[PDB]
Each structure stands twice: as C-alpha cells, then as structure tokens.
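In what follows, chains are A, B, ... by sequence order, proteins preceding strands, each numbered from 1. Values below: every heavy atom of this structure, side chains too, minus hydrogens, waters and symmetry copies.
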4 protein chains.
Amino acid sequence: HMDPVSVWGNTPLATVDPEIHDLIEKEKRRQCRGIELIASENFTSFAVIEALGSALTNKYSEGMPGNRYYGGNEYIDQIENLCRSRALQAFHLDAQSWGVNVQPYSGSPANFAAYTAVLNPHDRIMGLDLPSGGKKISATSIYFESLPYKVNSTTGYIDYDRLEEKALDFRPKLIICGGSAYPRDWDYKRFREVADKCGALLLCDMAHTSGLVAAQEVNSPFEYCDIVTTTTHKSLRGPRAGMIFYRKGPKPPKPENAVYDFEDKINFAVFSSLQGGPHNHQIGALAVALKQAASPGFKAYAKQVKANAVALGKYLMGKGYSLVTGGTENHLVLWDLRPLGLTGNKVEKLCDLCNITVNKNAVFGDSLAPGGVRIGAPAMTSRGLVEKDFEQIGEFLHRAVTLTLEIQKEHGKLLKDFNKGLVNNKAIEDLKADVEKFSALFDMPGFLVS
Amino acid sequence: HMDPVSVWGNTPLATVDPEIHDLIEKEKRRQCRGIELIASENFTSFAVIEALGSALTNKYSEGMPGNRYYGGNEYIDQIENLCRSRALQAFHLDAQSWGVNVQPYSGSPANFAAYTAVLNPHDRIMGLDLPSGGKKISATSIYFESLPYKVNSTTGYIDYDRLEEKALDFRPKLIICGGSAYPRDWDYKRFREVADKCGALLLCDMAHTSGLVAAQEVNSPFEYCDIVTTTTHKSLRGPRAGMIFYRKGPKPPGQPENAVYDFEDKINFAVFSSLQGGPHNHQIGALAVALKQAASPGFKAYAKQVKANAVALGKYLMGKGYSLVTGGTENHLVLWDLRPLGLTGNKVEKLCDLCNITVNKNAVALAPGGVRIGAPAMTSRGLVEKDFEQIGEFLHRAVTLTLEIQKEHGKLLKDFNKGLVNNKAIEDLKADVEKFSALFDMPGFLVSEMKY
Amino acid sequence: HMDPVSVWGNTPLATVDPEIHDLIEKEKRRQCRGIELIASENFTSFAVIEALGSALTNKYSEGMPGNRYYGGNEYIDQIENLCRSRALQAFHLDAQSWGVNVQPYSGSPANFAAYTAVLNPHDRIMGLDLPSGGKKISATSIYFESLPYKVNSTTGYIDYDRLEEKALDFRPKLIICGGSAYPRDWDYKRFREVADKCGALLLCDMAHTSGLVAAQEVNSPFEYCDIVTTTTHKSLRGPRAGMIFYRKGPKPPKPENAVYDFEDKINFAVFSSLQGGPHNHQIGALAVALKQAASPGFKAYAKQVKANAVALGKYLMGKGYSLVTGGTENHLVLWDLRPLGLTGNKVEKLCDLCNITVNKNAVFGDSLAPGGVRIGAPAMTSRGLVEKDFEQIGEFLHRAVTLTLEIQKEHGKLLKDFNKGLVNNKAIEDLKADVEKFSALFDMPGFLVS
Amino acid sequence: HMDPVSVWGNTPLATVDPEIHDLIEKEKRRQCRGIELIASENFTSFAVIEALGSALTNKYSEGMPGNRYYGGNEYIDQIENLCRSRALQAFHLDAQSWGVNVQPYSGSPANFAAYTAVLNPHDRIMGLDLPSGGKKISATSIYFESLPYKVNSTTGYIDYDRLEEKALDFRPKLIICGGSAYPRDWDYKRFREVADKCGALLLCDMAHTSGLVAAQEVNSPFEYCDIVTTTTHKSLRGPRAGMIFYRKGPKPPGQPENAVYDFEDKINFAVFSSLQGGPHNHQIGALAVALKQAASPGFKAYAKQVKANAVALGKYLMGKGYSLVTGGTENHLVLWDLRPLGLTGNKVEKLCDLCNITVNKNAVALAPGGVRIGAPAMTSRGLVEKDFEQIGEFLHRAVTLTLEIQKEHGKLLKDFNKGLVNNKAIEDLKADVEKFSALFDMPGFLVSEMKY
C-alpha cells in the first residue's frame, strides 16, 4: 500500500526537507542582511509568491492562448486572459494594435521562440554586443548569423551612425534593441528608421527596463518596434516568467492594405517550445505583478529607482570613479574599474564577501576578464531605500573598492594572489558588519506581515 | 510617493489581487472535484510548493553549476548541491560516472540545450514521431536535420528493426528515446546497439516516466544512454523544472584508450548560455525536495501503484471491449484506440472535459484517432486499482454517451457539438464524477496540525 | 619591344612545346593500341575537335543565353542557338515544352547550377548511392541534405519500393535519377509517381546514356522528369561540355493554370556560375556532336553499343563471372569480382598494364576498397567493333583476371604484396602484346583522313 | 548499319557541319576586323589550341593529381606533371613551399572547390564587391556567409582601413582578394596583416592579372596569400582552364611549433569531388603549353607592353577630359567613368559594339555607371602605345557619337535605341575600326611555313 497522502503531500517543508528549509531560511536572512545591487534582481511581492506557489503549478494546458474559458480550462483561461489584458494595460497598448503571448517559460526561451517565429535558420541578426557565434553564446548566435552593433568607444553611447552603416551593409532580417548593462535610453525612432532602410524587423528585449517602460519612465519600444519581449522579475518586479508582445492589425505604409502576420507565427513557435504546457503558476503570478505595476505606487517606485541610480552614480563619480556614459537614465550604472587598476572579478568577489552583490561586467574594450561591475537600483528601491540611502551604498562601494585596492597592493594583482588577502581580513569583516547593520534597517517584501 | 513596502509587498494575495485569488481558489476546487487523467499532470507536495514560492525566486545566479559555497551564493550553492546529489541518488547513479545539471528552466529548454551542447546546426537527429497541423514543430526539428522512427503501425510497439534500418541509412548524430504517449517500456539496450552501429549519441527524454525510473519500475535509460533529460512534474511529482544527466568518466571499449566522456563542460556551457537572467532557483530548491521525496519507500509504493492502476484501468477498458494501443500498458499511461468505435479523440476529450474528466486526444490525416490517459495524478490522490476501475466505468459511461451523441446528433464536428447542450446525461455523469472525486485526499496544501 | 606574333602564336605545338607535343602523340598512339572500356569515355569526331580547338576559345560572352545575334555576338549567338535547337532535336523535345541551357562548363557544374537554381541550401536530396556528406563527396552532398536510395541487395535492380518508402519518409525537395554504373534502364514513370507523392522535383542526370537516350535506345527521362542534365562526351560522343534541360510552359494538373518557372531560375544560376563567360568552343563543338547524334548512323551506333555490351556480358557470364543484375540494358556491365576473390583495384591495375582501361567500381556491399570493375562499350563501338569483337574483349578480360588470380596466388592478396608480381611479368607482356595487336586492327576517329 | 568510322569521325568540320564551320569562319573574321577591349578576353596561341583540340579530350582521368606514370595514365601524368612544375616555375614558386592543382574545369569551379576545401557551409567570407538585378549571385555568396569590402567611394581605391574595420567586426574565415575591374595593384601585405588580426585564410583570385603576376609586373599574391586561384585565358594567354595554388610546408611563426600547412589534401579532395567524369585533360595539356610560353622573355615583354598600353590608353582618354576610376591604371585595364558625361555603360557598350569595339559596362541603382576596357587582347595582336592611342581616338569618336545620339534622339533607353539605325556616323566609325583592326597580326592559326 501507499503512504497516506498528507505525510508526503500536505506536510511543511520544515518537516519534509529540513536541510532545504534551513538553507532557504538562511538565504532569506541573507537577502535581508545585505545590499543586493544585481541589476536584474528584484524583491517581488508576497502576493506574487502566493500565486507562484499555488495549485496553478498542477494545471496542464495546451500552450496555445486560452480561448475556451469552459471545462477544465475555465479558470486558467480567465487567469491567462487577465494576464494578457493587464499586460496590454501596464504597457499602455491598444489591443487592436498589440497582442501579447504570456506562455513562455522565461525571457530567453521567449526570445528564441520569437526569433524562431519570424526568422529562418541562419537569417542575419544584429543586437548590442551580440556575439557572432568565454562569455555567453546563446542559441541566437548559434542558429542565426549574428553581427553586433557596439557603443561608441569613447562616449559609451550607441554609435547610431555605425549601426546604420552596419545595418545597411550586413542587411539583417531582424535588429534587436534593448541589450542589458546599457545605462541610457534607446532612440527607438532611429532604430525604426534604420530597420525601414534595410528591411529588417525591429524587436526590443526590454527585460531590464520593463518596469521603467510600464511606468512610462523611459522610452516605450512599442512606439517603433514590431515585437517586444521581456522577462518579468527585473524592474517589473514580478515572477521569473516571460512574455512576447507583437503588433496586430494594419501595417504602416510601404502594401495594398496588408496586416501584421505576427500572432499565428508567434503562437505556434511558443506552443512548439512548450513540452508539457506552460508554467500556469507563472502566468498567475505574472497577472498579479502586472496589476501591481499599473498602480500609482508603482509609477512612484519606478521614478525612485531612476533617482536612486542617478544619486548613486553622482556619488561614485564625485569620488573619481568611471561610469560608462558618465551617468544613467535608467535603473543601473556601469562602473568601469579599469582606470582604478582593478578588475570586476576582484570588486565583485570582495563586495560579495561584504554582503554587497554586484555583477562583474564587460566594459567597452574587454576580451571573461571583465573590467567593470554592473550595479542596479531596483532591488534596494523595492525595500524603500531613497537617494540618501543610495548615497550610503555609494560609500559602501567606495570602502569596498578602497579595500580591494589595499588587498591588491599587499597581495598582488593576479587573482589567486589577490585571493590570499580575503582570508581572515579585519577590514572585510568590519565592512560586512556595517553592510549588514545598514541593510537590516529596511523593510522586505515577499512574506506575510499581519 | 512610494507605497509602504508592507502595503504592496507583504500583503496576502486575497487582498492585493482578489480576482486572481478567486480564480486560483476556483481552480483549486476544480482539481479536487474532477478526475485528472492528463498523463503529464501530477499533484505535487505542499513542501515542493513551499520551496517554490519562497525567496529563492529573487536570487540571481550566473547559470553555471555553483561551487562557491560562500558569499551571496553560499546557500543556493548548497541547495543546488543537494539537488545534484539527490538527483544522482534518486536514479541510482554513481557520481564518478554521472553528472547532472539542474539549471534549465524546463524540459524543452533542457532538451534543446542538451542538443546544442553535443550537436551542431543541421546535425541529424532521430526521435519517436519527431517531425522533419495541430502538432508541435519544435526547435529540435527546425535547427537540426530530424527524421522520426515510428511504432509498428499494426502492433503499436517500437519497430526496432525498422529503426536500425533508418539509423544505418540516415546516420543520425543523435538518437532520442522516450515518448509522450508510448504505453510500453523502451529497449535501451537495443537503442545502444543501434547507436553504436551508426555512431550516434544516445539520449533519453525520460520526462514522462522519470518517477518510474527512480522507483526502478521501468528500465533505466542510464544503463545505455549518454545523456538523460527530464522535466520533473510528471511521474516524478516535482516542480515544473528541468534536468540534464550526462555520463562522466572513462568511456566503454575503435576509440582511444584511457578516453573519457566530454559532456560536462559542453552541457554546462549550453545551459549557462540559455539562461539570460539566471535560472529559477526556486525551481532548483523545490526539485531538491521532490528528489528527496522520490528517494523514499513511500514513493516506490506510489510508483508501483501508478503502474498497477494503469494496468487495472487498461484491463477494465478492454474488459468492456475497447482497444488499447499495444493492448495494454507497462507504465503510467494507457493509449485508447477510438477508431474501432468510429470516434475521434477530439470528440471524447471534449465530452469527458464536460464531465470533469480531463484526457488528451492522441495520435495512434491530422485528426486524432485516440485518447491518452495517465495514472500518476489520480494515484497521487490515494486512488488504488478499484478506484481506477471506477474511473474506467466513468470513462465507459463517458465514451458511451459520446457514441450516443455521434450516432444521434450527427457525426460531423458541427452536428456533434449541438448535442452537448443542457445534456442531462452529461450533467449527471459530471455530478457522479464530481461526487467521486471529492472522496479522495489532495496533496499540495499544509494540514492544519502541521502548522506549528 | 615584343616578340613577333607568329613566333609564339602561329607556330605548331611541335615547335613551341616538343615535350607536350610528344606526350600527346604518345597518348594518341596509346588510345589506338589499347582497349578503352571506361564507360564514360568515348572517341569523338575530328569535326568536333576542330570546333573545340578553334577561335571560339577566344570569344567572351555574358553567360546568359544569347538573344542578340547582332554585333560582337552575332556569331556565337547563332552557334549557341544552333546548339540549343540541335539539342532539342536530338532528344526529340518540343521547344514549347522544353528549354535547354548549353552554357555550363561541364556536367558537374551543370548539375550544381541546376540544384542551386531550384533548391535552397540544406534542402533534402535523394539520388542513387548519393552520400550523406573515402569515395566522392560532391558539392551536392556537402551543401544539401543528401540521403541515397539503393539497389536491391540481391538483384542489383533499384528497390523502387524502398525508394518510395524512403521518399515518403525523408521528403526530398528533389529526387535525382540517373546514377552511373547502373546497367539497367530507369522506370521514370515510377520516379514521377514517387515524386508526385512526396512533392519532389524529379531531375535526371543522363550523362552516361545521353547517346542511348538520343537514339531512343533507352527510356527517355524527358517523359517524366522536370529537369534533365548531362555531360556530352560519354555515349553522346561529343566534347566535354554540359547542358541543362528544363520543362517550359504549362504544368500537369495538381494549380489554376500555373506554368513551369524553371527557365529564369536556371539561366541565372548558370550565369552566376560562369566567372569569365562560357567555353564557347565547347558550345560550338557540342552543336557539331548534336547534329551528328541526330543521324541514322548514330541510331545504329547506339544500337551496336547496347549489342556490344550485351555480347560482352554474356561472354563474361559464360566463363562464370558475376555481373550486377546479371546482364545489361545500356552501354555498360558492372562486374562483381568479389566472388572470384579479387578486388577491382587488382583487376584494373593488371588490365591497365595490358592496355585495357577499366574503372574499378564499388559493387553492392563495398565500404575505396572496390570489389568490382565498371566496363563500357561506347569507346570501342565508336572504333567500329561489333559483337564478335567484344567477345574477344571478353576473352582478353578472362585472360586478364585469370592472370590477376595467378599473380595473387604466387604473391599474395595484400595490394602491395600483389604488386611485386606485376614486375617483369611474361604473361603481362604477352597479354599486352595481344591487346595491342588486336586494338591496332580497328579504325580511330578524331584526326584527319584524306 | 554503322557509318564507316572515317565518314563521321575522320572528316573535317567543313564537311560534317558546314553551318557551324561557316559561323566559326565568320567569327574568326570578326575577331580580326574589330577592336577587342573586353578585359578578360585574350587571343591564345595556335600551340595552345592544338593541345586543346587533341586526343586528350578523350582521355579519362580520375581527377586526383596523377602520379602513376605508367599504364593508361603514363602520358597525361607526365603532361600534368609538366603543367604543375611549369605553373610553379611561371609564378616563381618553390615547390617545397607551394603546390598547384591543375584539374578544375574553369575559374569559378576552381574557386568554389578551393572554398569547399578550407571552409564549411555558412562560413564567413569577404571579397571585393562580393554580394550577400544584372549581377552574379554565385555559389560563394549562396552557400557561405558573405559580405563585401568596397573601394573608397570617392578615390576608387580599396579602402584598407574600412576593410580591416569590417574584417575585425565580421570575422571572416576567408578573405578573398582580386577583382574583375580593379585598375590598381593590391596590397597583399596589408591583406595578410588584416587576415592575421582576424584569424582569416587569405585567398587571391588572380585570374585577371595572372599574366602580369607571372611576368612580375604586379605584386605577387604568393608572398602573402594562403591560396591563389586563377583562370588561365586572360592575361596569361592560355586556355580557358582553372588552377589552384596552395601553400605547403611549415607555417610562419599563437600556433604550434613545427606546424605545417594542411591545404594539399583537402584541396585535392575538393577538386576530385567536383569532377564527375574526370577533368578536361585537353585543358591541362593546353595550359602546360601556355605556362611554358608564359615563362619566356617574349612573354615578359608582352606583359610590360600590356601595362604600358593600358596606361597609354588611359592618358589618352583623360587627355581628352574623360574620368578614369582612380584616374589611371597600374595593370591591364582602365575603368572609365561615364557619369560626368551623363551616360550609362550599357549605352556606350552598345554603340561601341556596333563599331566592332567590344567593351563591358561596369559598376563604378542597378544601372552601370562606367565601362571596363582591357589591353591584353589587342596587345597580343602586336599593338603598342600609339596603336592604343588610336584605339583611344576610336573610343573618343565612339563616345562622342553616343553623347550625340543621347542629347539628340533622347536620353531614355527607348529614345536612344532609335538613333542607332542606318546611322552614317556609326557606319563610318565601324569602317575605320575595321580598316585599323585588319592591320595587325593575329595569333591562333598555323603559319603556312611552319606546316612541315
């Protein structure tokens, strides 16, 4: 005979898996007692987490957009329809002009389903810092012909002229805008002009700034791109989920009353990528986050994110640090550590030992040997930190890098040699204690408060 | 001004989103009051669901197997390490011979990352029913040179000679075993022999049967496949996650001596490169719980019961005269042939759904000739053989009404739908199915007296 | 200053290049004093050679089919038009139904231009013994997805059923019939039926049997194939040139009055393959050979070729030798030497040392280790040999293989070991002398006779 | 009954095919009585033509470089060996450092076989004006990932910085130098530097200039390219044949030490695999004659004269005010810019042709802006600088009439053609061009008193 159902299936994690329960609890405290500046990270709501960790995880569905609303799909169909319309609402889209598929598992498979839908294998692709196909060679560089466009070597802004030169020569079927680690806004108009001239589709991956986009705090790629993709856990502050927006209806002139043919191509491609159906709990959670993202409180959050990023950059620069483009217009700063005589690996490893989490990051000129760190505001803004709080974060960064330099001097620049300085280091423990003392002062979303 | 953090971020879903909260309750009730026969569906444990809706959803990780065990990764690396070692334990794998990557988002990205690791674009691939309409034309068929092998069109078993025939002519770089609707065990020995005569890598997508593999209730693909992939929510009863197993260590005996398997780094890189923004660490944690639960004698008994329920449901259906593909089952599913009755899968799937019996139409033109039915979900609710025979009776009742609407209201898909309206018989069978479903326990929520 | 024009440009080969003049003269005598049974070889006419070695070699042309007939192209345009219409005539084609491009350099680039015209890279291809991509891996196996069909393992005939099984499963865009070394005719009807069912184009490479096709001595692939390609020096007995025939005009039903779109696609593809224009001397020579091929004398030649192949096979089999399919219906026999305990390399190398030229050839079951020889009648038929003359050739083959066996016994089966027996071998010199004595008895086309 | 062998096979073309024989005579006369300025055309020697129309056309060869030197291949292997050694001698190549394959049918199959040897499908390729309409979209652009580099749009010279720019961004596996209508020498040193910074193979299609390379009248691509391909009928004055040169032996100094070039076998295999039915051994023999003739001081003086005739023609044209691309020439051709006069290439090419001056329209929309003009053919007939200045005058006369039909009969391609009918001026210039052309010797036939 079987075990009783409750013994395995209705008992708490603390009873079933004490080891995992303990590590989750330890990671819970670590998120609270530290400064999370990873740009793609956020802290989502308890309400999202409840939809995420619910019986929606048990519901299979075909993987095409639900249209039945009856039978066994009565409820996921309304959930998904609420997700779609909240999606269109949060990004201020006309549903007669824009459709949204909310079935992809994540952003990356959402992108690759989008590419699969509108392109053939080996069709030529351009995106920011998109490898030709160690760093990251995605499916997009392997199965398509990728050529990157690049930021201006000196100013850090996208060379929109070299991009047009590149597009007219290379002739991509598709141009991808919306790379990561870019601290300025995108001239989507120029991207449309450029795509029109070379006959390319224009896709935006707004994964990073989807929250800022939703709050109308940055340029909207929907105004000029044919397709928009995103993940939903970054600045949007939702689950780790994916969505694909595509144009619907009449095309702008070019042509005898022709209409966008995106919907069916995209639906089939996501459907075909969904062995076993979607993560319907992710769709349920996403709908929650989209409703939240349409609130006044979120518009203000997004404003504060930008303002925190700006204040952090101004602090860092006043101490003499090099920020790519010399500032930011979105949620992140890109910090060129090479002028200091530092690599991102050292700064990220020393920060990490002090309960500051940042991402080492390639900066204009690198060759896995990154000379920068990427620094995001959304996570700590969601804990309610304001500009003065991000100035103190800047000081912590100052101390961290000051400490990295001091360790590097006494122990050497080679990474393994530098490593001996992180062992039993008083200044590391002191800085970490200050970070934990500081971080504990702020609230934390994601769990129940009476 | 920003909303207080507690207002938007610490307030329960019932308050923040009553609309979604209501729909989740309604769906929660629907899962309790119906018969879930979708072969890929299961009902996972509350403990899995707790690890899933946890602060691991906020944790970024680079997407490479974690080995730091310090700093911001100290805990997920420990969780991830518990996942890997528990994956290896649950499938009885020596760690010196098998490694596992627990980082893919889901089954299909896991597969395609495995294929991307060991193959190049346009490399030749063979899989069951794998296309080269209603069906999935997936990335595997689009970026690789793919050709199916099929079941013997009259026995419904895999035609192993015709497979070696095609494999020797086609020369696939990779052969994939495992199938969504195959009611019989696989001859992984025979596949390995075929793989070696044509120089192929051998990969098993064990997603549907991984629970049975873990319980050693079906053959283990690990004895003969180079790579085994899985999604984890089917018979393994875990989260919707992904996993890639690969061989490590020295290879078997026209190759160099002292040679070793070269899978780990390419697979790791391929998974890492497919993870823009990191893995779902909440899925890795939840899956580590599921793997621990899979390694228990209670789970072995669950898997035995799944097979026996599938068989008992099978014997019932053919006891009434229906045709099962291969005339029975060796795993968690039955594949019911509706052509001898003259009905399509889409018809029986629709009427069943109206009675809170969920099944999937299934190939056996582009019109589905059968119906796929699985035991894992209902077996998870505690059902045993006689209960599945009651399900058989419900299915017999269900299909008898479908033949009564067909032979009366018409056989066209137009004329047939007109008969499922205010249909007394569909109402009463729905009611009986509902009454029956509520009799059984349901995993997924925390019992009141464990809350302490 | 320059040399006088005549000194380099109007002097004979014997004066300019005595070494080459001598070797050409030596090769001239070798062709006369030997038995050439290479199936793809022929001896073309003096008239073809005069058009081949003429001032047409100096004429550049664009590489699209000539339509001007005025100006600098006045004459190549009529030459090429004479070539096209003689082409259509020699293969009994309706010009409203069939077009012919006569610009390809050779058969292989003609094939690959044909494939390039009607297919995209990686489109799936089937042909007889077509490798999937050492033997021969052509551009067709490298740039397309090739799957072969195969002869029946026991009978040597094409498995037309396994072919249909293969076509319906593999779904090629194009099926190629007309492999080489196949000694029977082709059921082009079944090939059309099979191509119709899998939606494939049907192309025939008749390089080998184009002469027999022209004389209506074998099945005509034009009756069922969409495209026919050929080289022109084999059974057609012309220059080494290429041609591509394609259907023109209405398609058979399937569809609202749709017409074949082959002409422009093929013209452009050959044009694009012709860096520097065509070999206009090859077009001039080809036109000569096509006129010759439409004569009664050629119809009889083609008949005698078949009859010589048959008589040679019957002789070989009566001595107990294994012929694939046990006979022939065209110009060649395929001789399976494995039952004798011999490889094609030994038989071809010993034959070659006796002024018999044959091609070692893979036979059903080989793995560059060929167990057969390919044997063609067209060359020696063109010297006027008849059935009794080919029976004597069979005897020479008998003696040759009898000698190979005897050498292999005394010196071993390993090729290098066998090789020591060909050194200073009386029976080899005797057999060679008999071959030269026999071969000298027959006339030779290709040079001027008063 | 079979025709006697002498009747069809030993009877001259004048008897067997009077129609073709007549047309060849007429074309023979046309070549003598006009001005041939097609840059790729030459007039080859009678000795080449004898080796070409010879019994080598019947000889089959397997398509691998011949090394038997016995049996049925004893003589072509000796001929082929004379071809290879003479190819190496004519381009001043050490045999220990350079091998050559003389078996491709023609230039374009030679190129594509070279690319197939060292590349894989979709590998990235850069060449001059190489596309990714009126122009050739060839197999190189279709099966490989191709991108052009261009001349500087204002100087007409290769923009070497913009080429290294693209090469470092694009990362071509292969860069191709050589161009059909470039009037200047190539910086093969600069190409090699570019090749090495981006990790490319470097290949020169030297077809247009191989005669000059052999004479050492332009830079040698062999000093810096890994592979050099050529067709042989242009400035080399040979048959229409093909040839692939490749580096052999140790490589130059981030690579292994003692490393050697690995080109020979892959190229041989690629050429062999492209030769269904064997090579054109009559072309290999004829080419061996051409290579011998190229290795002589008389040929060096011919090549010097070709360059000087091109220059002298260039100075003449701009002496009258016309625009040459790059304002002159360093090789065998001039590239005449017709846009400052307001005419298209197609217009001047048509009118010229009507006067027995053959030129090619040439890029400098999809409408040809210029005209390509080469010195090799006319220089082969014995013409020197003042004769080419008379050609310049004929071209000035020719283009002046084209501007007189344009500005009068209309500038549209419709209105322009109406003006080239019974046109007195075109008749008289044709006549003068004809009278002038007949003044010069013509190679290709056997002088009466060498017939002994």
Side-chain angles (χ1 to χ4, degrees), chain C residues 1-28 49-50 52-58 281 447-448, chain D residues 28 31 42-57 59 75-76 78-91 100 102 210-211 214-215 230 232-241 243 280-306 376-377 379-382 440-450 452:
Chain C
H1 221 295
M2 307 215 259
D3 269 357
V5 171
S6 65
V7 189
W8 69 270
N10 303 90
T11 36
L13 176 58
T15 282
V16 176
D17 208 336
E19 278 173 293
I20 290 282
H21 174 261
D22 171 75
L23 292 164
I24 289 180
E25 275 304 300
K26 279 186 195 0
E27 166 62 24
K28 179 129 194 133
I49 278 163
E50 286 209 279
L52 190 51
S54 71
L56 292 183
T57 190
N58 296 320
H281 53 291
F447 54 104
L448 176 55
Chain D
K28 213 152 74 167
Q31 278 176 32
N42 214 332
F43 296 118
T44 182
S45 69
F46 171 67
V48 167
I49 284 143
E50 265 206 304
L52 184 74
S54 78
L56 305 157
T57 184
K59 195 35 190 165
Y75 303 120
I76 62 200
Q78 280 174 277
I79 290 141
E80 209 216 315
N81 193 45
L82 288 183
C83 201
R84 301 188 302 250
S85 62
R86 279 165 190 183
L88 297 198
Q89 278 149 12
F91 297 91
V100 53
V102 298
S210 36
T230 188
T232 51
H233 67 280
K234 301 187 182 188
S235 66
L236 198 69
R237 214 140 74 161
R240 283 162 188 281
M243 224 183 333
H280 296 174
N281 286 306
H282 57 296
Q283 289 174 192
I284 296 183
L287 163 61
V289 176
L291 291 159
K292 198 220 164 141
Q293 298 188 287
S296 59
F299 185 84
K300 192 142 181 222
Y302 164 71
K304 277 183 174 317
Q305 187 70 50
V306 168
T379 305
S380 272
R381 303 188 60 184
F440 305 91
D441 305 325
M442 165 83 55
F445 69 94
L446 175 66
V447 285
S448 285
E449 314 99 34
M450 276 325 272
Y452 69 97

Exercise. Do D:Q89 and D:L291 pass the side-chain contact (heavy atoms from CB on, under 4.5 Å) test, and can you show the C-alpha distance, the side-chain angles, and the key distance before you say yes or no?
Worked result: CA-CA 8 Å; D:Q89 278 149 12; D:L291 291 159; over 6 Å; no
Problem set entry | Evaluation steps, side-chain contact (heavy atoms from CB on, under 4.5 Å), between C:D17 and D:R86 | CA-CA 12 Å; C:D17 208 336; D:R86 279 165 190 183; 2.5 Å; yes
For this session: Mind running side-chain contact (heavy atoms from CB on, under 4.5 Å) on D:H233 and D:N42 for me, showing each step along the way?
Result: CA-CA 6 Å; D:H233 67 280; D:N42 214 332; 6.0 Å; no
Exercise. Step by step, would you call D:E50 with D:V289 a side-chain contact (heavy atoms from CB on, under 4.5 Å)?
Worked result: CA-CA 10 Å; D:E50 265 206 304; D:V289 176; over 6 Å; no
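The structure places NE2 of D:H280 at 15.0 Å from NZ of D:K59, a figure rounded to the nearest 0.5 Å. Here the straight-line distance linking atom CD1 of D:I284 with atom OG1 of D:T232 works out to 10.5 Å at 0.5 Å rounding. With rounding to the nearest 0.5 angstrom, the CD atom of D:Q78 is 14.0 Å from the SG atom of D:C83. Note that CG of D:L88 and CZ of D:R84 are 9.0 Å apart. Values are rounded to the nearest 0.5 Å. A distance of 11.0 Å separates CD in D:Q293 from CG in D:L287, rounded to the nearest 0.5 Å. Summarising the geometry, atom CG belonging to C:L13 is positioned 10.0 Å from atom CG belonging to C:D22; distances are rounded to the nearest 0.5 Å.
Of all the heavy atoms in D:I49 and D:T44, the pair that sits closest is CD1-CG2, 3.6 Å. Across every non-hydrogen atom of C:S6 and D:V447, the tightest pair is CB-CG1, 4.0 Å. Across C:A55 and D:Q31, no two heavy atoms sit closer than the pair O-NE2, 2.9 Å. In terms of heavy atoms, D:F46 sits closest to C:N10 at CB-CA, 4.1 Å. Closest approach of C:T57 to D:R240, counting heavy atoms only: O-NE, 2.9 Å. Smallest separation of non-hydrogen atoms from C:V5 and D:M442: CG1-C, 4.0 Å.
Take D:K304 and apply the salt bridge (charged side-chain N to carboxylate O under 4.0 Å, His left out) test, not counting sequence neighbours, and it matches D:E217. In this structure, the side chain to side chain contact (heavy atoms under 4.5 Å, CB included) partners of D:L56, at least two apart in sequence or on a different chain, are C:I24, C:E27, D:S54, D:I76, D:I79, D:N281, D:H282. A search for ring-ring contact (aromatic ring centres under 6.0 Å, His included) contacts involving D:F43 returns nothing, not counting sequence neighbours.
Under the 4.5 Å side-chain criterion, counting only non-hydrogen atoms from C-beta, C:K28 is in contact with C:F447.
Without hydrogens or angle criteria, D:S235 side chain to D:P376 main chain gives no donor-acceptor distance under 3.5 Å. No donor-acceptor pair under 3.5 Å is formed between the side chain of C:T15 and the backbone N or O of C:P12.
Both tests pass for D:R237 against the ring of D:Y302: distance under 6.0 Å to the centre and angle within 45° of the axis.
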